[PDB]
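From first to last, the protein sequence lines stand for chains A and H. Position 69 (the first sequence) corresponds to 69 in the authors' numbering; numbering is contiguous. Position 2 (the second sequence) corresponds to 74 in the authors' numbering; numbering is contiguous. Ideal Cβ placement from N, Cα and C applies to all residues, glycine included. Data first, discussion second: the structure below is written as structure tokens.
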Amino acid sequence: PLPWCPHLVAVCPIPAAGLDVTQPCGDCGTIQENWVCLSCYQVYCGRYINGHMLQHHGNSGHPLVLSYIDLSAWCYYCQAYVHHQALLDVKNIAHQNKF
Amino acid sequence: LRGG
Ligand SMILES: [Ca+2]
Ligand SMILES: [Zn+2]
Ligand SMILES: [Zn+2]
Ligand SMILES: [Zn+2]
Numbered sequence: 001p002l003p004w005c006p007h008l009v010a011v012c013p014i015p016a017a018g019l020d021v022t023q024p025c026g027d028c029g030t031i032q033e034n035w036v037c038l039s040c041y042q043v044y045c046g047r048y049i050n051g052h053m054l055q056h057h058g059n060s061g062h063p064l065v066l067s068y069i070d071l072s073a074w075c076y077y078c079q080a081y082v083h084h085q086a087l088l089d090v091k092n093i094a095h096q097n098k099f
Numbered sequence: 073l074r075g076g
């Protein structure tokens, strides 16, 4: 796990509308294990489902994504989970919507 | 347990 990464700069403000942790994958419509992109805030399924967030990474280059299952943040380039106070707000907003 |  990383306490910081050089890609945290890419994290954009949480949408004013907030987050929807039950939002379907934008490609396959599944609800199983979705992630939200911390740059564009599109929602796509994890790599153990249909890999649409991975596809999104491939298309966009956006580095950091947040899990709607356990609120872990993954950096595709660092290939690691990253935890940092820069992510405090987004994780809280997700948590509040979830519970 | 790989993310993303
Ligand atoms: Ca909302
Ligand atoms: Zn999908
Ligand atoms: Zn994105
Ligand atoms: Zn990184």
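Notebook entry, point to check: Among A:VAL82, A:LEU19, A:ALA80, A:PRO15, which residue has its Cα nearest to the Cα of A:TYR68?
Noted result: As a working mapping, residue 68 of chain A is identified with position 68 in the first sequence. Nearest option by C-alpha distance: A:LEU19.
Notebook entry, point to check: Do A:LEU38 and A:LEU2 have their C-beta atoms closer together than 7 Å?
Noted result: Taking the first sequence and counting its residues from 1, one reaches residue 38 of chain A at position 38. Taking the first sequence and counting its residues from 1, one reaches residue 2 of chain A at position 2. Contact: no.
Check: Quick one, are the C-beta atoms of A:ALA94 and A:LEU64 less than 7 Å apart?
Finding: Translated into the one-based positions of the first sequence, residue 94 of chain A becomes position 94. Translated into the one-based positions of the first sequence, residue 64 of chain A becomes position 64. No, these two residues do not count as a Cβ contact at 7 Å.
Item checked: Where A:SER60 sits in the DSSP three-state scheme -> Position 60 of the first sequence holds residue 60 of chain A. Three-state DSSP puts A:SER60 in a helix.
Margin query: Nearest by alpha-carbon distance to A:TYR48: which of A:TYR81, A:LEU8, A:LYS91, A:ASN34 is it?
Written below: In the first sequence, the residue the question calls residue 48 of chain A occupies position 48. Nearest C-alpha to A:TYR48: A:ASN34.
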